[PDB]
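S.K.: This is the structure, below, for whatever I ask next.
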There are 6 protein chains.
Amino acid sequence: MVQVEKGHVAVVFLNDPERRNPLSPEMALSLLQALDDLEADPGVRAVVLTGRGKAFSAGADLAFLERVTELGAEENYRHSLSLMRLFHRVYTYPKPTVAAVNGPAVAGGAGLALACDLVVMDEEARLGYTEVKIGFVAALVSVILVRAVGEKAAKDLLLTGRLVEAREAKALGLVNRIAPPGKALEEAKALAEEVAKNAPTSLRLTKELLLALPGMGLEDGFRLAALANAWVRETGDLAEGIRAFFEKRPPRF
Amino acid sequence: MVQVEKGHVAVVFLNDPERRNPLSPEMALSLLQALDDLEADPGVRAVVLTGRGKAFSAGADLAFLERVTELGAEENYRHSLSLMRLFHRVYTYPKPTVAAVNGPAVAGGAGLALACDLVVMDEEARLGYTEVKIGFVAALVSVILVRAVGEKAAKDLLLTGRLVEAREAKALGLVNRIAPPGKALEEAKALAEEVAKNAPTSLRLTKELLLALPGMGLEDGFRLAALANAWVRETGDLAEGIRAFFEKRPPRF
Amino acid sequence: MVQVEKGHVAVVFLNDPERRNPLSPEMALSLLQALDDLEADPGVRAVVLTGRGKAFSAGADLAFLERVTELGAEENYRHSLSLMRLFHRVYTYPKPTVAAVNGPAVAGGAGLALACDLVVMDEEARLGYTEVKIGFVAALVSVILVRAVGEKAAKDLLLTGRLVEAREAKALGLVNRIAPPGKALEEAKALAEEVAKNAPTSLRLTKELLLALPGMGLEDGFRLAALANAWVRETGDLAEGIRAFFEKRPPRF
Amino acid sequence: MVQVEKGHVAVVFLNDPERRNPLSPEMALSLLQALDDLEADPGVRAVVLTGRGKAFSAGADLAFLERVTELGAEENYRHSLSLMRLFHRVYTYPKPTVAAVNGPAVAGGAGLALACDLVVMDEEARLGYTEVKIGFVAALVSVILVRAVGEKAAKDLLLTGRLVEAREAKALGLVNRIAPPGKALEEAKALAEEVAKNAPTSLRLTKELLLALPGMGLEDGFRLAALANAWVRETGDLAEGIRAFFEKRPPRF
Amino acid sequence: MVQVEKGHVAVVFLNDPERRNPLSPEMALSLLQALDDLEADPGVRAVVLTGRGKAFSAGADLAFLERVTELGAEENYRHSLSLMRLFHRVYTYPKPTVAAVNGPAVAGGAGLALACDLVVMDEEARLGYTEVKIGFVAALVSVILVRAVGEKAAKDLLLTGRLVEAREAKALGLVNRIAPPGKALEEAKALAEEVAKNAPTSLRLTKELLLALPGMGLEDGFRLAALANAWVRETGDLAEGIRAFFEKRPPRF
Amino acid sequence: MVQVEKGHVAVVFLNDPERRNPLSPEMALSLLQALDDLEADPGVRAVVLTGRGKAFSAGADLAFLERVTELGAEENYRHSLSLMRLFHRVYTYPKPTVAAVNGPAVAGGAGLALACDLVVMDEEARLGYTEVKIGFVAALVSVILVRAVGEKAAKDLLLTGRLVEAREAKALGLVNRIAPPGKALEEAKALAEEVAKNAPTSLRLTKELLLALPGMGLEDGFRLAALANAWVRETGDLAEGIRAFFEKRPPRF
C-alpha cells in the first residue's frame with residue numbers, strides 16, 4: 001500500500017490516509033518491495049519518503065493491538081524480526097533517503113522517519129515515541145536514536161513519551177530542516193536533488209562509513225577510513241569529477 | 001547523611017548543607033543505602049534527587065584533600081572503585097531517576113547530577129567539572145559525558161574546568177529543563193510523576209537498552225532490540241495498557 | 001611550510017597563503033615535524049594552529065588532482081596512510097591543541113580543523129566537507145565527526161557537501177567559540193592559555209580517556225576511569241595543586 | 001548449479017564436478033536460492049552442505065582470473081559485496097548448517113566451509129587459504145577465522161597459504177570431526193540429525209547469541225543473555241520439552 | 001546450602017548431595033553470601049569451589065521445571081537477572097577462584113564451573129550444556145564460552161548438547177587440569193595455593209584486565225595496559241616483592 | 001644493542017648475551033631503530049627476530065628493579081608508554097615478523113616473542129609470564145594474549161606465572177612450530193622465506209585485517225573485508241600473480 005513516482009529523486013507515499021499510514025506488516029512489506037525496485041532503477045539517485053493524508057505515519061493499528069497480546073513467543077519474535085528488517089533496510093539503504101514529515105509521526109512512524117538519512121518536517125507536524133505510555137518499548141528506534149541525539153535527549157523522549165514540535169525536533173537533532181506549513185515534501189525533494197547532484201560512489205561509501213564507525217575504536221576507524229580514502233581514488237566518478245573540474249563543466253556521474 | 005521522603009515519586013536529599021553536600025565516602029554510602037531501600041519499595045516508581053542547602057553538591061572535602069595525597073596505591077584504587085560504584089549504581093538505577101539541581105554542582109556532584117536519567121536545573125545554578133584546575137581528572141564522569149554531549153563540548157568542559165550556567169547547560173545537553181529560580185525540585189518532581197505514569201516494564205527496559213547500545217555495532221544492536229521488542233509483547237503492563245485503551249480508561253500498571 | 005612561534009602557548013601557521021594552505025604531502029609533513037618539536041619542548045603547554053592568508057586551509061591542490069587519478073593502488077594506499085597519520089597525530093596530540101579558523105576551511109583543512117581539541121572560528125569564516133561534490137569521500141574526517149555531531153548532522157554535511165557558517169557551525173558542535181571578525185587567533189590563544197593554566201597531567205589523561213571511551217562498554221569504561229582516577233592520585237601535579245590550595249597561592253605545575 | 005535433497009536434514013550439492021565447484025557468481029547465487037527455499041521449508045531442520053566430485057570446493061575460475069584484473073573499481077566493490085552476501089548468509093543461516101568436506105577446499109571454498117556451523121572433513125581431504133600466494137586476500141574469511149582459531153594459527157594459515165590436513169585442521173579448531181576416508185557426508189548427515197533432535201527455538205537463538213557476543217563487553221553480553229534466558233522461558237518448545245520430560249516420552253518440537 | 005572451610009585457600013561446597021547440587025534460586029543466593037564473606041576475609045587469598053556428592057552440579061530441579069513454564073514475563077526476567085548476577089559475580093570475583101569438578105557438571109553447573117578462573121576436573125567426570133535438548137538456551141554461559149573456546153567448539157557443545165569427558169574438555173580449553181580419579185579437590189586446592197603465593201595486587205589487576213580487553217580495540221587495550229603497567233609500579237606488593245628479591249628471601253605480601 | 005643481517009629475510013639479534021637480553025629502555029630503542037631501517041629497506045620482505053646467547057630474552061634488569069619502585073607517577077607512565085610503543089610497533093609491523101625463540105623467554109621477552117606474527121621455539125626453550133610472582137602485571141602482554149589463547153589458558157599462564165615448555169606452548173597456541181634442539185633460527189628463517197614468497201600487498205593487508213577485526217561486530221567486519229577484497233583487486237601484485245599463473249612461471253612481486 002504505497003505509491004511510487006519514479007524519477008532521479010523518487011518519491012514513495014504511504015497509502016493508507018484514513019487509517020493514518022500504520023506500519024502494519026502489510027505496509028512494511030509494500031515499502032520494502034518499493035525500495036528494492038527503486039534500488040535497482042539506475043535512473044533513481046535519491047528517494048524521498050512521505051505520507052498520504054494528514055500525517056506521515058501515526059495511527060494505532062487496532063487490528064494489531066487486539067492480536068499482539070495473544071500471539072506466541074515464537075510468533076512475536078518472528079514478527080519483531082520482520083519489523084526490524086524494515087528499519088534496518090531503510091537505515092541501511094544504498095541510496096540517499098529523505099523523510100518528508102508532512103504530518104504527525106508517532107511511535108513506529110517516528111522511528112521510520114528517523115531511519116531516513118535526512119528529515120524535513122512540516123512546521124506544524126509533531127513527532128514522538130509513545131511506546132512506554134501504553135507498555136511498548138521503542139527498542140528498534142533506540143538503536144538509531146543513540147546516534148542521533150544526546151543521551152539526556154534520548155531519555156527524555158523515550159521516558160516521557162511526549163510529542164515534540166518542529167522547533168524542538170531540529171534543535172535536538174531529530175530533523176535537519178523545517179519547511180513552512182505546506183510543502184515539507186517540496187522542500188525534501190529539493191534537499192534530495194541537491195544531494196543527488198553529488199557523486200553516486202562518494203555518497204554510498206560515505207553512508208557505508210557512517211554506519212560502521214560508531215561501532216569501533218579510533219584506530220580501527222582510521223584503518224577503515226584510510227582504506228576507503230584509498231579505494232575511492234580509483235573510481236570512475238572521481239575520474240569524471242576531476243575532469244569536469246579541469247573542463248570547467250558540470251560533472252556527469 | 002541523606003533524607004528520604006518515600007512516595008510514588010521518592011525524593012532524596014543530600015544532608016550536609018553547610019559543608020555543601022560533599023560526595024565523601026560516608027555520603028556516597030548513605031546514598032546507596034537509600035537507592036536500595038527505594039529500589040525495593042513497590043510503591044516508589046521514580047526517585048528525585050536533590051540537595052539540602054544553597055547547593056546540589058559542590059564543596060571541597062578538605063578532610064579528603066589533606067589525606068588523599070598520602071594514601072597508598074592499593075588504598076586509592078580501593079576508593080576509586082567505591083566512588084565508581086556510586087556513579088554506576090545511579091546511572092544504572094532500575095527506576096527513573098531525576099536530579100533536581102537546586103544550586104551549584106561542581107566536580108563530584110556535577111557528575112552525580114549527570115549520572116541521573118534526567119536533570120532539572122535551577123535557573124540560577126551552576127555546573128562544572130573542575131578536576132583539572134587542581135590536578136584531578138573527571139575520569140568517572142567522562143564515561144557518561146561522551147554519551148551526553150558532543151566531543152568538542154566534552155573537551156571544552158573538561159579542559160577549561162569552567163562552570164556553565166543553566167542557559168548553556170541545556171543547550172549542550174547537560175540538562176533537560178530549566179526551572180525558574182525557586183523550585184527546581186518542584187519542577188523535577190513534576191517531570192518524574194509524568195514519567196511515572198508510564199509503564200514500569202517499558203521504562204526499565206528502555207533504560208536497559210540505552211545502556212548497552214552505545215557499546216555495539218548496528219546489527220548487534222538490532223539483534224538486541226528485536227529480541228526486546230519481542231519479550232515486551234508478553235508482559236502484563238502491555239496487557240494492562242492495551243486493555244485500558246480498549247476501555248477508554250486510565251492504565252493501572 | 002609552516003611557521004612556529006614557540007611559547008607556553010605555541011602557534012603554528014600554515015605557510016602557503018596564495019595557494020591557500022593545501023594539505024599537500026609536503027605541508028602534512030612539515031606540520032608533523034613541528035608537532036614533534038613542540039611536543040618535546042617542556043616550555044610549550046598548548047598549541048594554537050592557524051593559517052597564513054585569507055583562509056585556514058581550503059585550496060584545491062591542482063598538482064594533486066592531476067596525478068591522483070593515475071597513481072597505482074599501492075601508491076594510493078601508501079598516501080592515504082600518510083594523510084591519516086596526520087589527522088591521527090593531531091587528534092591524538094599529547095598537549096591541548098586549538099584550531100584558530102581565521103578563514104575558510106574546506107575538505108582536508110576542514111577535517112584538520114576538526115581534529116583539534118577545540119576550535120575558534122572567525123565570525124566570517126566558512127567550513128565544509130566537499131569531497132562528494134567531486135567524487136571524494138571525507139572518510140578520514142568521518143572518524144572524528146561521528147563523535148563531534150549527531151548522526152543527522154553528519155549526513156547533512158557529508159551528503160550535501162555544503163559550507164556552513166560560524167553561526168551554524170557552533171550550534172552543531174563543530175566549533176566551540178566564535179570570535180568577532182578580526183582575531184580568531186587572538187581569541188584562540190586566549191582559550192589556550194586558560195586551558196594551559198590547568199594541570200599538565202590532568203589534561204593529557206583527560207584527553208587519553210576521551211579517546212578510548214567511545215570505543216567501549218559502560219562497565220569497561222568505568223574500569224578504565226576507576227583505574228585512572230586512582231593513578232592520578234599519586235601524581236606531582238595533584239600534590240602541587242592541593243598544596244597551592246592550602247597555601248592560598250597559584251599552582252606552579 | 002546445485003542439487004537439493006529435501007528432508008529433515010536437507011543436503012545441498014555444489015554441482016560443477018569437473019570444474020571442481022568454483023564459487024563463481026552463478027554458483028554463489030544458486031546456493032542462495034537453495035538456502036531460501038530450505039529456510040522456508042518447515043520440514044527442514046538442518047542443512048548439510050557438500051560437493052559433487054573429487055572436491056568440496058577448490059578450482060581456480062580461470063574465467064574469473066582473466067577478467068577481474070580489468071574490472072572497474074565500482075564493479076569490483078559491487079562483486080565483493082555479492083560474494084560477502086553469500087558468506088554472511090551461510091554464517092548467519094537461521095537453521096543449523098554442516099559442511100561435509102568430502103574433498104579439497106581451497107580459498108573461496110575453504111571459507112565457504114568455515115562459514116558453516118559445524119564441519120566434518122574427509123580423513124583424506126585438504127583445506128587452505130591460498131589468496132596471498134597469488135595476490136589475493138582471504139579478507140571475507142578473516143572475519144570468521146579470528147573467531148574460529150587462535151591469532152597465531154590465523155597468521156600461519158593466511159601468511160603461508162599452506163593447505164592443512166584433517167589431523168591438523170581439527171587440532172586447530174577448523175573442523176569438528178574427521179570421517180574415515182569414504183563418507184564425510186554420511187557422518188555429517190549423522191551429526192546434523194543429532195543436532196536436529198534438539199529444540200528448533202533453542203538452536204536458532206543459541207546461534208543468534210554466538211553471533212553478537214564476540215562483538216561486545218562482558219556486561220552488555222550478560223544483558224543480552226539474561227534477556228534471552230528470559231524470553232526462551234515462554235516458548236512452546238520449552239513447554240513441549242518439559243512436558244515430554246514429565247511424560248518420560250520423546251519431545252515433538 | 002553451602003559449607004565453607006575458611007583458610008588462605010578457602011573451599012566452598014555445594015551442599016545438596018542427593019538432589020545433586022541444583023543451582024536453585026536458594027542455592028544461588030547461599031553461594032553469593034559466601035563469596036561476600038570470603039571476599040571480606042583478609043586471610044582468604046583464593047577460593048576453591050566444589051560439590052558435595054557424586055557430582056559438582058547437575059540435577060534437574062523438578063521443582064523449577066514445573067513452575068517456570070507458568071511464570072510471568074516480568075517474573076522470568078527478574079529471575080534470569082538473579083541467576084546472571086551469580087555467574088557474573090563468580091566470573092568477576094576479585095580473588096582467584098578454582099572449580100574442582102569432582103563429578104558431573106551439566107547445564108547450570110557446567111556454566112558455574114566455567115565461570116571460575118581455573119578448572120580442575122575429575123578424570124572420570126563429565127561436563128555438558130544440555131539446554132537445547134529440552135528447549136533451554138545456555139545463554140548466560142555463551143558469554144563466557146566464546147572467550148574460552150573456538151567458535152566451532154562452541155557450536156558443537158551448544159548445538160548437540162552432548163557431555164564431554166575430561167580428555168576432550170581439556171583439549172578444547174574448558175578445563176586447565178585433570179586429576180586422577182579421586183581428588184580433583186586436592187589437586188585444585190594445590191593449584192590455588194600456588195596462585196596464592198603470587199602478589200594479591202598483581203592477581204586482581206591481571207583479572208581486571210582479562211575482563212575488559214576482549215571488549216575493545218588493540219590501541220584502546222594498549223591504552224589500558226600502559227596505564228595499568230604504570231599504576232602497578234607504585235604498589236606495596238611490588239615494593240615488597242622487589243625487596244624480598246634483593247634479600248634472597250620469600251615475599252610476604 | 002642489536003645486530004642486523006639485512007637480506008630478503010632480515011635477522012635481528014638482541015645483543016646483550018651475558019645480561020640475557022633484557023628489554024631495557026635502551027634495548028627497546030635499539031630494536032625500534034632497526035625495525036624502521038628494515039621497514040624502509042625495499043629488499044627486506046620478512047624479519048626474523050632472535051637473541052644472542054643462551055636465551056631469547058629473559059633477564060631481570062636489576063638496574064631497573066632498583067630504580068622503578070622510586071620513580072614518580074609521571075615518570076612511570078612515561079616509561080610504560082615507551083615499552084608499550086615497542087610491543088605495539090612489533091605487533092603492528094607492516095612486514096611479516098617471526099620470533100626465533102632460541103632460548104628462554106620470560107616476562108618482557110615472552111611478550112616480545114608473542115608480539116611477533118609467528119613463533120618458532122627451540123625444543124628445549126621455556127616461556128613464561130612471571131610478573132605476578134614478584135608484584136608485576138603482564139598488562140601489555142594481556143592485550144595480545146587474549147587473542148592468542150583461550151581465556152582459561154590465559155588465566156593459567158598469568159595467575160601461576162609458570163614457565164611452559166615447547167610441547168605445551170604449541171598445544172596452547174603460543175608458538176607455531178618447534179625446531180629440534182639446535183636451530184630455532186634456521187627453521188624460523190625457513191618459515192619466513194616461505195611467507196616471503198607470497199604477495200607483499202596481500203601480506204600487509206591480511207595483517208591489517210587481523211588487527212582490526214577482533215575489535216568489531218560481524219557485519220562491520222564484513223563491511224571492512226568486502227572493501228578490502230575490493231581494493232586488492234586493483235593492485236599490481238594481483239596483476240603480476242595472475243599473469244605468472246597464466247604464464248606457468250614464478251611470480252615476481
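Residues are named by chain letter and number: chains run A, B, ... in the order of the C-alpha cells, numbers start at 1 in each chain, and ligands are numbered from 1 in the order shown.
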As an MDAnalysis selection string, please: every residue in segment 151-251 of chain A that DSSP puts in strand (DSSP E).

M.R.: chainID A and resid 163:165 177:179

S.K.: Please return as an MDAnalysis selection string: the residues of segment 6-253 of chain F that backbone DSSP assigns to alpha helix (DSSP H).

M.R.: chainID F and resid 25:40 62:68 73:92 108:114 131:134 139:148 151:160 166:172 184:197 200:212 218:231 236:246

S.K.: In Å, how far is it from atom CA of residue 1 of chain A to atom CA of residue 191 of chain A?

M.R.: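 Interatomic distance here is 25.4 Å.
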
S.K.: Write down, as a list in words, each residue of chain C that has any atom within 9 Å of an atom of chain E, counting only C-alpha atoms.

M.R.: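 Residues of chain C within 9 Å of chain E, counting only C-alpha atoms: residues 208, 209, 211, 212, 213, 215, 216, 217, 219, 220, 221, 223, 224, 227, 228, 230, 231 and 234 of chain C.
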
S.K.: Env of residue 67 of chain C: 12 Å cut, atoms = only C-alpha atoms, seq-sep filter 3 positions within chain, self excluded. Answer as a ChimeraX atom specification.

M.R.: /A:233-234,239,242-243 /C:61-64,70-72,75-76
